[PDB]
Each structure stands twice: as C-alpha cells, then as structure tokens.
file data.txt (compact mmCIF, C-alpha atoms and all ligand atoms)
# COMPACT_ATOMS: atom_id res chain seq x y z
CA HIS A 334 -72.43 34.88 -142.21
CA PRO A 335 -69.75 37.49 -142.99
CA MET A 336 -67.26 34.76 -143.90
CA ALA A 337 -69.77 33.04 -146.25
CA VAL A 338 -68.70 34.25 -149.69
CA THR A 339 -69.26 32.80 -153.14
CA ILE A 340 -66.18 30.88 -154.30
CA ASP A 341 -64.83 31.59 -157.77
CA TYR A 342 -62.61 29.54 -160.04
CA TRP A 343 -58.91 30.33 -159.45
CA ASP A 344 -59.55 31.05 -155.75
CA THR A 345 -57.33 29.28 -153.21
CA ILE A 346 -59.33 27.66 -150.42
CA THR A 347 -59.11 25.41 -147.38
CA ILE A 348 -61.34 22.34 -147.25
CA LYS A 349 -62.34 21.09 -143.81
CA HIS A 350 -64.04 17.86 -142.81
CA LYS A 351 -67.24 18.60 -140.94
CA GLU A 352 -67.05 15.75 -138.43
CA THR A 353 -63.32 15.32 -137.71
CA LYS A 354 -62.34 18.99 -138.37
CA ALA A 355 -59.31 17.84 -140.38
CA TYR A 356 -58.12 19.92 -143.33
CA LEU A 357 -57.53 18.34 -146.72
CA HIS A 358 -53.74 18.32 -146.95
CA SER A 359 -50.80 17.15 -148.98
CA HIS A 360 -47.01 17.13 -148.81
CA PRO A 361 -44.16 15.56 -150.82
CA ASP A 362 -44.09 12.18 -149.03
CA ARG A 363 -45.40 9.23 -151.03
CA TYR A 364 -47.44 6.14 -150.26
CA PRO A 365 -45.25 3.10 -149.51
CA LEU A 366 -44.94 0.47 -152.22
CA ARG A 367 -46.47 -2.19 -149.96
CA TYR A 368 -48.99 -2.05 -147.13
CA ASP A 369 -48.82 -4.43 -144.16
CA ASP A 370 -51.33 -6.81 -145.81
CA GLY A 371 -49.18 -7.04 -148.95
CA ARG A 372 -51.27 -4.77 -151.16
CA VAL A 373 -49.46 -2.49 -153.61
CA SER A 374 -50.07 1.26 -153.71
CA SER A 375 -49.57 3.71 -156.57
CA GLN A 376 -46.60 5.21 -154.66
CA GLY A 377 -48.15 8.58 -155.43
CA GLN A 378 -48.00 11.69 -153.31
CA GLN A 379 -49.95 11.33 -150.07
CA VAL A 380 -53.22 13.18 -149.50
CA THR A 381 -54.17 13.39 -145.84
CA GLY A 382 -56.32 15.11 -143.24
CA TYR A 383 -54.37 17.48 -141.00
CA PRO A 384 -55.67 19.15 -137.83
CA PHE A 385 -53.62 22.36 -137.83
CA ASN A 386 -53.29 25.40 -140.06
CA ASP A 387 -50.41 25.52 -142.53
CA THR A 388 -49.75 26.29 -146.17
CA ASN A 389 -50.06 22.59 -147.10
CA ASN A 390 -53.82 22.97 -146.54
CA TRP A 391 -54.14 25.36 -149.50
CA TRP A 392 -55.85 24.24 -152.72
CA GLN A 393 -56.65 26.25 -155.84
CA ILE A 394 -60.04 25.38 -157.34
CA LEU A 395 -59.88 25.24 -161.13
CA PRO A 396 -62.14 24.45 -164.08
CA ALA A 397 -62.57 21.05 -165.59
CA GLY A 398 -61.64 21.27 -169.18
CA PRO A 399 -58.54 22.37 -171.09
CA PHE A 400 -56.08 24.78 -169.57
CA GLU A 401 -57.03 28.46 -169.79
CA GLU A 402 -55.48 31.62 -168.39
CA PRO A 403 -57.06 32.91 -165.16
CA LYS A 404 -60.35 34.78 -165.34
CA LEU A 405 -62.08 36.72 -162.58
CA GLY A 406 -65.63 36.37 -161.34
CA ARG A 407 -66.55 32.88 -162.56
CA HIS A 408 -68.56 31.47 -159.67
CA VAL A 409 -68.37 27.79 -158.80
CA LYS A 410 -71.87 26.27 -158.74
CA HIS A 411 -73.60 23.18 -157.42
CA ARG A 412 -72.55 20.02 -159.30
CA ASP A 413 -69.81 21.76 -161.25
CA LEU A 414 -66.82 19.58 -162.10
CA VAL A 415 -63.57 21.01 -160.76
CA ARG A 416 -59.90 20.32 -160.28
CA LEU A 417 -58.04 21.05 -157.04
CA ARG A 418 -54.40 22.14 -157.28
CA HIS A 419 -52.25 21.71 -154.18
CA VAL A 420 -50.45 25.03 -153.97
CA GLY A 421 -47.44 23.88 -151.96
CA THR A 422 -46.46 21.13 -154.40
CA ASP A 423 -48.10 22.39 -157.65
CA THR A 424 -49.87 19.05 -158.17
CA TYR A 425 -53.50 18.14 -158.90
CA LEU A 426 -55.84 15.99 -156.82
CA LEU A 427 -56.60 12.60 -158.36
CA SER A 428 -58.44 9.44 -157.42
CA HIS A 429 -58.34 6.09 -159.19
CA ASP A 430 -59.27 2.44 -158.69
CA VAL A 431 -56.23 1.56 -156.60
CA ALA A 432 -57.01 0.42 -153.08
CA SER A 433 -56.37 2.92 -150.29
CA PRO A 434 -54.06 2.48 -147.28
CA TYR A 435 -56.59 1.15 -144.78
CA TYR A 436 -59.69 0.29 -146.88
CA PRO A 437 -59.30 -2.30 -149.65
CA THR A 438 -62.77 -1.28 -150.87
CA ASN A 439 -62.03 2.47 -151.12
CA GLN A 440 -60.08 4.37 -153.76
CA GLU A 441 -56.70 5.92 -153.14
CA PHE A 442 -56.46 9.72 -153.32
CA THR A 443 -53.17 11.18 -154.58
CA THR A 444 -51.92 14.03 -156.75
CA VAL A 445 -50.43 14.27 -160.24
CA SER A 446 -48.47 16.71 -162.37
CA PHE A 447 -49.89 19.40 -164.64
CA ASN A 448 -48.98 17.32 -167.69
CA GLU A 449 -50.90 14.34 -166.29
CA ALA A 450 -53.89 16.41 -165.14
CA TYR A 451 -54.37 18.05 -168.55
CA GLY A 452 -53.26 14.96 -170.46
CA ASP A 453 -53.79 11.23 -170.20
CA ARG A 454 -55.01 11.26 -166.57
CA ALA A 455 -57.31 14.26 -166.90
CA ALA A 456 -60.59 12.41 -166.30
CA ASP A 457 -59.33 11.11 -162.95
CA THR A 458 -58.64 14.69 -161.74
CA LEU A 459 -62.28 15.83 -162.07
CA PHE A 460 -64.47 16.09 -158.97
CA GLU A 461 -68.07 17.19 -158.61
CA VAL A 462 -68.88 19.74 -155.90
CA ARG A 463 -72.23 18.43 -154.64
CA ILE A 464 -73.70 20.96 -152.22
CA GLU A 465 -75.83 19.51 -149.43
CA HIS A 466 -79.44 20.47 -150.20
CA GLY A 467 -78.15 22.21 -153.31
CA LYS A 468 -80.39 23.52 -156.04
CA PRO A 469 -79.55 23.98 -159.73
CA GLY A 470 -77.38 27.03 -160.27
CA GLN A 471 -76.73 27.56 -156.58
CA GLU A 472 -73.45 29.33 -155.87
CA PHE A 473 -70.81 27.45 -153.86
CA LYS A 474 -69.99 29.51 -150.77
CA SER A 475 -67.39 29.35 -148.05
CA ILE A 476 -68.74 28.27 -144.65
CA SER A 477 -72.38 27.78 -145.59
CA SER A 478 -72.08 25.28 -148.47
CA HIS A 479 -71.57 21.91 -146.82
CA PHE A 480 -70.68 19.60 -149.67
CA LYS A 481 -69.57 16.17 -150.82
CA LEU A 482 -66.71 15.91 -153.32
CA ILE A 483 -67.58 13.17 -155.82
CA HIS A 484 -64.93 11.67 -158.07
CA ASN A 485 -66.34 11.98 -161.53
CA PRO A 486 -65.26 8.66 -163.12
CA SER A 487 -66.15 6.41 -160.19
CA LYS A 488 -68.70 8.37 -158.12
CA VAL A 489 -66.75 7.72 -154.90
CA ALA A 490 -67.01 10.42 -152.24
CA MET A 491 -63.92 11.95 -150.67
CA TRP A 492 -63.89 10.58 -147.12
CA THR A 493 -61.82 10.53 -143.95
CA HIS A 494 -62.00 8.98 -140.49
CA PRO A 495 -60.18 9.34 -137.18
CA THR A 496 -57.70 6.44 -136.92
CA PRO A 497 -54.34 7.93 -137.93
CA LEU A 498 -52.13 6.64 -140.69
CA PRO A 499 -48.83 5.04 -139.67
CA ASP A 500 -45.60 6.98 -139.20
CA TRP A 501 -45.01 6.95 -142.97
CA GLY A 502 -48.09 9.20 -143.25
CA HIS A 503 -47.02 11.43 -140.36
CA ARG A 504 -49.86 10.00 -138.23
CA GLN A 505 -52.28 12.20 -140.23
CA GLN A 506 -55.75 11.08 -141.29
CA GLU A 507 -56.31 8.92 -144.36
CA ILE A 508 -58.21 10.38 -147.32
CA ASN A 509 -59.93 7.87 -149.59
CA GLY A 510 -62.93 7.31 -151.81
CA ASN A 511 -66.05 6.00 -150.11
CA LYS A 512 -68.31 3.92 -152.35
CA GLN A 513 -71.37 5.07 -150.37
CA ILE A 514 -72.28 8.74 -150.81
CA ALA A 515 -75.09 9.00 -148.24
CA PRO A 516 -72.97 9.09 -145.03
CA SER A 517 -72.61 12.36 -143.16
CA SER A 518 -68.90 11.55 -142.80
CA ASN A 519 -68.60 12.50 -146.48
CA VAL A 520 -69.40 16.16 -145.70
CA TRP A 521 -66.78 18.92 -146.06
CA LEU A 522 -66.93 22.71 -146.00
CA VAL A 523 -64.67 25.48 -147.25
CA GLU A 524 -63.38 27.33 -144.21
CA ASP A 525 -61.38 30.16 -145.82
CA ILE A 526 -60.91 31.72 -149.24
CA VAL A 527 -57.20 32.23 -148.58
CA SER A 528 -56.48 34.19 -151.75
CA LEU A 529 -59.31 36.70 -151.32
CA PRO A 530 -58.07 39.74 -149.36
CA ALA A 531 -59.93 41.05 -146.35
CA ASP A 532 -60.69 44.37 -148.09
CA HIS A 533 -61.93 42.90 -151.37
CA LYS A 534 -65.28 44.01 -152.81
CA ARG A 535 -66.41 40.37 -152.86
CA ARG A 536 -66.52 40.46 -149.04
CA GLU A 537 -68.82 43.50 -148.84
NA NA B 601 -56.04 35.49 -147.04

call {"tool": "encode", "arguments": {"input": "data.txt", "output": "structure tokens"}}
result
Amino acid sequence: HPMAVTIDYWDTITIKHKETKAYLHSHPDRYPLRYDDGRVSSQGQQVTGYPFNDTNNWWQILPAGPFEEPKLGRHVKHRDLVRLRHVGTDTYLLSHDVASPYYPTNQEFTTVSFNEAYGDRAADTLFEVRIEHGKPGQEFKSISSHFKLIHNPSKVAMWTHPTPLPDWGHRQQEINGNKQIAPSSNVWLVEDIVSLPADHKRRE
C-alpha cells in the first residue's frame, strides 16, 4: 500500500479505531470532579475519540526513556514502549488506576505535562505498541500495522466504544483501559504520518 510506511520516533501520526473509525483525540477540557454515580475523576485533560479530521487528532510518537533531542530514522518496532505527545496541547498520554467515565472497571486515560511525563509519573506514560500478528523486530507501519496499545504498568488496552460521552465531553467517544486484551475492539491503526511530507524519500 503506498500509504503504508514505517513509522519513526518523532513522527506525528493519527491513530484511528478500526471498528468505530474514531480518531484518538484530546483538547483542553477536563474530566468533571464527579460522575453521575458519585465517583471521583482525576480532573485531568480529556482523551476522546473524534470522528472528524482536525489538528487535535495529532500525536507525536516518542521514545520511552529519558528525554533526548530528536533523531532521524529510528523505526518504531513491535512491542516497543512509546510515549504519545498531543501536539495541540503539548501534553503526554497517561493512564492510571482511576476509574473511567462510564466503566468503573476500566482505567481513565488523560494527559500530563512534560515535567510529569519525564518525572514522577513517567511509568504511567509508557505504552506498548503490540502489532496484530507481529513478529520480533517487525517495523510499525502506517495503514498495515493494526495494533493494540497496552499500558505498560497495568496491561490495560486502549479501548473505545460508540455511546457518546455527555455534553461535558463534547459528545465524543470515551477512551479507557480495557482489562481484556483479546477483543477486536482494542484494535487501532495509524492512518497518516502527518509530519512526513508527500515528497519525502521515506515514501518512495
Ligand atoms: Na502531512
């Protein structure tokens, strides 16, 4: 497929849910302190699934360890640990054992600052890219690498479903951590390497 290209660290990408077609998304709005059932959220930045194309779908895929200046040509591979930086808010994807908006059993997904992501909350910002049918050393590619995104501390899978969030979440889809990895509803794909120009050698 001409749009199936190996993804490199520091690329900016869009991440699309295979079954619902929603894009992984974020924006400045926060989770409410209390849900209707009385549970308490982290009040962190919302992470949602959004059906349309906009800049709030853009995430930069980054390495898992200490901060380093950008390098070119470092391919992401099956089962690598990664961070995902939301470009529009300059925050870092995080999950933790706080119950999600609609599923008391599933982990909340949110974002955190650079200082948190490379400091005391670093472990909670690491996610494994588990390619469906992946083999050791296999390169992660746009379009063709269907994958599950596994939170490294807890082994929950990033998940979504169709029933929209309330108005506080802009009636977008919930994103949370599924305790079961096997379901096909845990499958995502990278639709576009946004940062990689159309004339770049990597597309040849
Ligand atoms: Na582009």

call {"tool": "residues_near_ligand", "arguments": {"input": "data.txt", "ligand": "ligand NA 601 (chain B)", "cutoff": "10 Å", "atoms": "all atoms listed in the file", "output": "ChimeraX atom specification"}}
result
/A:345-346,525-531

call {"tool": "closest_residue", "arguments": {"input": "data.txt", "among": "A:446, A:506, A:428, A:439", "to": "residue 358 in chain A", "atoms": "all atoms listed in the file"}}
result
A:506

call {"tool": "atom_distance", "arguments": {"input": "data.txt", "atom1": "CA of residue 504 in chain A", "atom2": "CA of residue 368 in chain A"}}
result
15.0 Å

call {"tool": "residues_near_point", "arguments": {"input": "data.txt", "point": "(-70.7, 20.4, -156.3)", "cutoff": "6 Å", "atoms": "all atoms listed in the file", "output": "list in words"}}
result
residues 411, 412, 413, 461, 462, 463 and 464 of chain A

call {"tool": "closest_residue", "arguments": {"input": "data.txt", "among": "A:497, A:399, A:365, A:421", "to": "residue 387 in chain A", "atoms": "only C-alpha atoms"}}
result
A:421

call {"tool": "closest_residue", "arguments": {"input": "data.txt", "among": "A:487, A:522, A:394, A:380", "to": "residue 407 in chain A", "atoms": "all atoms listed in the file"}}
result
A:394

call {"tool": "residues_around", "arguments": {"input": "data.txt", "residues": "residue 451 in chain A", "least_positions_apart": "2", "cutoff": "8 Å", "atoms": "only C-alpha atoms", "output": "ChimeraX atom specification"}}
result
/A:398-400,447-449,453-455

call {"tool": "write_last_selection", "arguments": {"input": "data.txt", "atoms": "C-alpha atoms", "output": "PDB file, keeping the file's coordinate frame"}}
result
ATOM      1  CA  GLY A 398     -61.640  21.270-169.180  1.00  0.00           C
ATOM      2  CA  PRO A 399     -58.540  22.370-171.090  1.00  0.00           C
ATOM      3  CA  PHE A 400     -56.080  24.780-169.570  1.00  0.00           C
ATOM      4  CA  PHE A 447     -49.890  19.400-164.640  1.00  0.00           C
ATOM      5  CA  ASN A 448     -48.980  17.320-167.690  1.00  0.00           C
ATOM      6  CA  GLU A 449     -50.900  14.340-166.290  1.00  0.00           C
ATOM      7  CA  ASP A 453     -53.790  11.230-170.200  1.00  0.00           C
ATOM      8  CA  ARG A 454     -55.010  11.260-166.570  1.00  0.00           C
ATOM      9  CA  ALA A 455     -57.310  14.260-166.900  1.00  0.00           C
TER      10      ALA A 455
END

call {"tool": "residues_around", "arguments": {"input": "data.txt", "residues": "residue 362 in chain A", "least_positions_apart": "5", "cutoff": "9 Å", "atoms": "only C-alpha atoms", "output": "PyMOL selection string"}}
result
chain A and resi 377-379+501-502

call {"tool": "closest_residue", "arguments": {"input": "data.txt", "among": "A:420, A:348, A:515, A:366", "to": "residue 465 in chain A", "atoms": "all atoms listed in the file"}}
result
A:515

call {"tool": "residues_around", "arguments": {"input": "data.txt", "residues": "residue 414 in chain A", "least_positions_apart": "5", "cutoff": "6 Å", "atoms": "only C-alpha atoms", "output": "list in words"}}
result
residues 397, 459, 460 and 461 of chain A

call {"tool": "write_last_selection", "arguments": {"input": "data.txt", "atoms": "C-alpha atoms", "output": "PDB file, keeping the file's coordinate frame"}}
result
ATOM      1  CA  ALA A 397     -62.570  21.050-165.590  1.00  0.00           C
ATOM      2  CA  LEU A 459     -62.280  15.830-162.070  1.00  0.00           C
ATOM      3  CA  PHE A 460     -64.470  16.090-158.970  1.00  0.00           C
ATOM      4  CA  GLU A 461     -68.070  17.190-158.610  1.00  0.00           C
TER       5      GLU A 461
END

call {"tool": "closest_residue", "arguments": {"input": "data.txt", "among": "A:405, A:508, A:450, A:482", "to": "residue 383 in chain A", "atoms": "only C-alpha atoms"}}
result
A:508
